[PDB]
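Below is one structure, written out as structure tokens; comments come after it.
Each chain gets a letter, A, B and so on, in the order the sequences are listed, and its residues count up from 1.
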2 protein chains.
Amino acid sequence: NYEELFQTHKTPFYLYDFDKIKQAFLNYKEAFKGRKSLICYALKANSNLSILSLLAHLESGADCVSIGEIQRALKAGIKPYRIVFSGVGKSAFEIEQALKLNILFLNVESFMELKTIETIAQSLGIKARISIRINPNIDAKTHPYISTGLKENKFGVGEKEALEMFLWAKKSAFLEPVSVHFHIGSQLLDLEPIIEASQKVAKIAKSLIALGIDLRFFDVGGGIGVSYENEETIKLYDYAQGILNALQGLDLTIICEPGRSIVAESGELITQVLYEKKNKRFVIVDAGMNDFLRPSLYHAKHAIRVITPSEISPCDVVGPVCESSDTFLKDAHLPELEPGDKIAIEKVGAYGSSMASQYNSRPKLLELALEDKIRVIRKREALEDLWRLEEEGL
Amino acid sequence: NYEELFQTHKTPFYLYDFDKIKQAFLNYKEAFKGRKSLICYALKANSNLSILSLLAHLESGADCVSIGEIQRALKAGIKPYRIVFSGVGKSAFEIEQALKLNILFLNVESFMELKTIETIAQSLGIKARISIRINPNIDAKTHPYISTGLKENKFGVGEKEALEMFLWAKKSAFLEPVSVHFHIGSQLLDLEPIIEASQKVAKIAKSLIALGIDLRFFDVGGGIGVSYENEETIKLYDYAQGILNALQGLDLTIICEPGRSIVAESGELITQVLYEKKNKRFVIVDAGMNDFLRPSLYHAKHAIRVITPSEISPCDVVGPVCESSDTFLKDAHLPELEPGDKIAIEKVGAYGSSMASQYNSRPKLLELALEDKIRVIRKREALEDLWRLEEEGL
Ligand SMILES: Cc1ncc(COP(=O)(O)O)c(C[NH2+]CCCC[C@H](N)C(=O)O)c1O
Ligand SMILES: Cc1ncc(COP(=O)(O)O)c(C[NH2+]CCCC[C@H](N)C(=O)O)c1O
């Protein structure tokens with residue numbers, strides 16, 4: 001139905017097949033039937049109000065890392081008691097606001113954060129439910145930038161320190177430790193590191209309960225990778241089976257914070273061809289690194305599919321921005337295209353538009369959704385929106 | 001005067017010493033007195049309306065890469081005849097709009113772009129002034145992402161193809177080739193590659209004039225690096241001397257498109273300390289990769305200076321965003337700091353806030369300027385501005 005679409009909407013834009021979002025979520029929801037579980041969608045992947053609303057209708061939870069994400073989630077209909085707040089840098093304002101919104105719990109990453117939360121909870125006269133993120137010091141075997149389970153990283157804390165922090169939250173009248181948490185990385189293709197982390201944390205948890213800490217949740221975070229380059233993906237059946245075995249003897253509600261695996265595939269970046277240039281061939285498209293940062297930031301390769309029915313040769317698919325990092329795919333293989341032909345960059349639903357900028361003074365793109373029905377879920381930015389907040393200073 | 005400042009403004013924010021911008025510009029303006037020259041500030045570095053206005057009062061020009069940047073420049077007071085438009089991906093809309101705004105010239109990067117411009121100029125009944133960017137196939141010796149002078153890159157075209165394109169623009173009644181241009185890279189510390197490029201392009205230019213092409217400008221682009229890590233910088237006296245010698249026998253107006261070297265130093269990212277965390281020490285600050293992308297994108301190291309008068313040890317300075325790439329400086333050395341202490345990340349005036357995003361749902365920062373006088377040049381974004389264009393879809 002691309003024809004009606006290209007007639008009423010100009011490129012480049014993000015297009016989301018919502019069914020894939022609803023099905024991916026439903027798979028996590030059912031992968032855990034033999035137990036009580038909560039699937040907290042990691043907003044950082046994609047926080048569009050419309051998609052969050054779709055997830056809310058499915059009674060989804062939300063893994064937030066800022067007051068901004070918590071506000072989005074609540075505004076989209078997600079129940080506060082299904083909202084978890086992570087973050088190594090939550091500010092007093094964010095802490096206070098979260099406590100007043102009655103979310104599930106604050107996942108603390110430092111002892112100083114725990115003391116900060118206590119002071120704020122105390123002034124508000126409430127007992128703050130908290131979870132503690134531990135760094136099981138395990139290599140997730142992914143890209144260094146999205147690998148977070150090693151001791152080298154700023155996320156979570158070691159076992160000894162965690163044990164101390166927990167005891168501390170127990171004694172406090174303004175803290176209530178109710179959960180253990182861990183997240184070793186993103187875009188993970190190997191299930192061993194995850195399982196190893198589950199066992200180690202299940203051990204510390206068992207230890208925690210013996211010390212009086214009343215745990216009610218076991219949070220494994222997110223991290224399951226998608227098939228960007230046709231690689232084999234960690235099956236949910238094996239994932240769940242692994243975590244259930246790692247939790248032997250622990251009657252706790254399992255929590256998953258999937259992000260990428262929920263929205264990646266449903267989103268695609270539709271962009272039009274502007275020029276073809278020639279030893280090497282360059283296919284200049286109207287979308288750029290400001291719209292899609294993954295390739296340059298992580299050297300990520302997303303598939304490129306021609307949408308317009310039209311001699312296949314090697315070519316670099318590039319955008320309009322003035323930098324060399326602005327090329328979507330090096331040595332790609334496509335048929336000769338002409339000005340106006342449309343192509344789609346695949347699996348850009350996660351960390352796609354959420355990391356997008358206005359670099360080179362390019363307005364943020366139009367975002368469309370398909371619900372079987374094409375509707376706008378984010379209007380395109382006007383040129384004037386780029387400098388709206390700079391006008392008074394002029 | 002940091003005290004009055006921290007009393008009326010909350011962190012994190014960008015602070016610009018405008019004098020440094022005015023002096024850096026004046027240095028380029030005078031580095032070429034023995035010749036006619038035009039300094040076209042590359043907006044991509046920093047397009048804030050206030051700074052562009054300051055540059056306009058100094059009769060500065062503008063190197064733009066989008067209609068958005070051209071509009072900003074014009075709105076800030078830059079004369080259209082001092083505006084040059086580069087870009088490998090200009091769309092028909094941008095081309096048409098530029099031609100109607102009477103800018104200096106369009107710097108074309110492909111033969112198909114040249115034909116596209118011709119068709120549009122023809123329909124508007126005007127003779128479009130154009131410049132042609134050539135790829136002198138020279139390694140600028142910088143970071144691959146900002147290195148653009150190799151044949152491997154999508155910028156410019158080889159000599160043979162350029163010669164053909166020029167002849168083509170000469171014959172056309174809707175094109176008027178008036179300039180040759182080249183830009184081999186950014187953050188360049190070695191003056192040899194630049195000079196080598198100047199000589200080669202000066203040769204092709206001399207050749208062009210012999211073929212009837214009436215050249216009036218010689219554009220060397222930008223690219224001069226700054227001292228991020230106390231390295232030696234290419235002096236302007238040597239830069240100018242080199243280009244003048246490379247231009248022997250060519251009476252042309254020299255054009256420079258400096259960006260970084262104009263604004264880098266004048267801007268600083270003031271951020272407050274939230275927590276300290278401990279084998280390794282982590283200094284958690286309230287600014288993040290969404291606000292300053294350079295470290296993660298280019299592995300760039302900007303100096304970190306403590307602003308608050310307050311045992312120096314090794315520590316990773318990190319932001320609040322959920323990613324490992326979100327650390328400003330690895331193994332930095334700073335005194336023990338406490339919640340509330342202020343620090344400034346140096347030389348972030350270029351490609352700082354212009355590549356900033358709202359990732360993790362964090363509003364764009366407040367930008368302040370000093371004019372000896374502290375005034376806001378960009379109001380901070382409200383939480384609601386993050387999802388303003390998503391509300392109707394909800
Ligand atoms: C605490 C916590 N929970 C869940 C996730 C979401 O993981 P995922 O999307 O299911 O893999 C995270 C992950 N945080 C960082 C993800 C960085 C990805 C990067 N921007 C990219 O690949 O583009 C988390 O921290
Ligand atoms: C055509 C053209 N003219 C001038 C410049 C500006 O160069 P500079 O700031 O004086 O070095 C450019 C450069 N374009 C790409 C710069 C990328 C820098 C990167 N975002 C970073 O270092 O953060 C140009 O293309």
Quiz: residues 316-339 of chain A side-chain donor-acceptor pairs under 3.5 angstrom, not counting sequence neighbours:
from: A:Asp316; atom 1: OD1; to: A:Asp331; atom 2: N; distance (Å): 2.8
from: A:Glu323; atom 1: OE1; to: A:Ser325; atom 2: OG; distance (Å): 2.9
from: A:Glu323; atom 1: OE1; to: B:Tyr298; atom 2: OH; distance (Å): 2.4
from: A:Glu323; atom 1: OE2; to: A:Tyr359; atom 2: OH; distance (Å): 2.6
from: A:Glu323; atom 1: OE2; to: B:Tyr298; atom 2: OH; distance (Å): 3.2
from: A:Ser324; atom 1: OG; to: B:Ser147; atom 2: O; distance (Å): 2.6
from: A:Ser324; atom 1: OG; to: B:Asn153; atom 2: ND2; distance (Å): 3.3
from: A:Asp326; atom 1: OD1; to: A:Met289; atom 2: N; distance (Å): 2.8
from: A:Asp326; atom 1: OD2; to: A:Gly319; atom 2: N; distance (Å): 3.3
from: A:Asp326; atom 1: OD2; to: A:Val321; atom 2: N; distance (Å): 2.9
from: A:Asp326; atom 1: OD2; to: B:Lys154; atom 2: NZ; distance (Å): 2.8

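Note that A:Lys342 lies in the cation-pi zone of A:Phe6, set by a 6.0 Å cut-off to the ring centre and a 45° limit from the axis. Relative to the six-membered ring of B:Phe85, B:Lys90 meets both conditions, a distance below 6.0 Å and an angle of at most 45° to the axis.
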Check step by step if side chain to side chain contact (heavy atoms under 4.5 Å, CB included) holds for A:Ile254 and A:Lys36.
-> CA-CA 6 Å; A:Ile254 166 281; A:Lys36 185 169 172 57; over 6 Å; no
Start with the C-alpha gap between B:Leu366 and B:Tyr14, add the side-chain angles, then the distance that decides, and say whether side chain to side chain contact (heavy atoms under 4.5 Å, CB included) holds.
-> CA-CA 6 Å; B:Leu366 159 82; B:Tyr14 279 103; over 6 Å; no
Give the intermediate values and the outcome of side chain to side chain contact (heavy atoms under 4.5 Å, CB included) for residues A:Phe282 and A:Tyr275.
-> CA-CA 8 Å; A:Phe282 294 92; A:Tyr275 313 106; over 6 Å; no
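A:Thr271 meets the side chain to side chain donor-acceptor pair (under 3.5 Å) test with A:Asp286; sequence neighbours excluded. By the side chain to side chain donor-acceptor pair (under 3.5 Å) test, A:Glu268 pairs with A:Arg305, sequence neighbours left out. With sequence neighbours left out, A:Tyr228 forms a ring pair (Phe, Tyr, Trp, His ring centres under 6.0 Å) with A:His302. For the side chain to side chain contact (heavy atoms under 4.5 Å, CB included) test, residues two or more places apart in sequence or in another chain that qualify with A:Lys29 are A:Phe25, A:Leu26. With sequence neighbours excluded, the residues satisfying side chain to side chain contact (heavy atoms under 4.5 Å, CB included) with A:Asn27 are A:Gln23, A:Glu30.
A:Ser66 and A:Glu94 are not linked by any side-chain donor-acceptor pair at a separation below 3.5 angstrom, with hydrogens and angles left out of the test. Between the side chains of A:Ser86 and A:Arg133, no donor N or O sits under 3.5 Å from an acceptor N or O. Using modelled atom types, one finds a donor on one side chain and an acceptor on the other under 3.5 Å when comparing B:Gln358 with B:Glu381.
For A:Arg375 and A:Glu371, the salt-bridge test passes: some basic side-chain N is under 4.0 Å from an acidic carboxylate O. Using a 4.0 Å cut-off between a side-chain N of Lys or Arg and a carboxylate O of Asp or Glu, A:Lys79 and A:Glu59 do not qualify as a salt bridge. Look at A:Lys364 and A:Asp291 and you find no salt bridge, because none of the NZ, NE, NH1 or NH2 atoms lies under 4.0 Å from a carboxylate O. A salt bridge links B:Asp385 with B:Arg388: the distance from a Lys NZ or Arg NE/NH1/NH2 to an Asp or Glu carboxylate oxygen falls below 4.0 Å. Contact check on A:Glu392 versus B:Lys379 returns no salt bridge, with no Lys/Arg side-chain nitrogen under 4.0 Å from an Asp/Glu carboxylate oxygen.
Just one residue in the list A:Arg260, A:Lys44, A:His143 forms a side-chain hydrogen bond (donor to acceptor under 3.5 Å, both in side chains) with A:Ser186, and that residue is A:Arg260.
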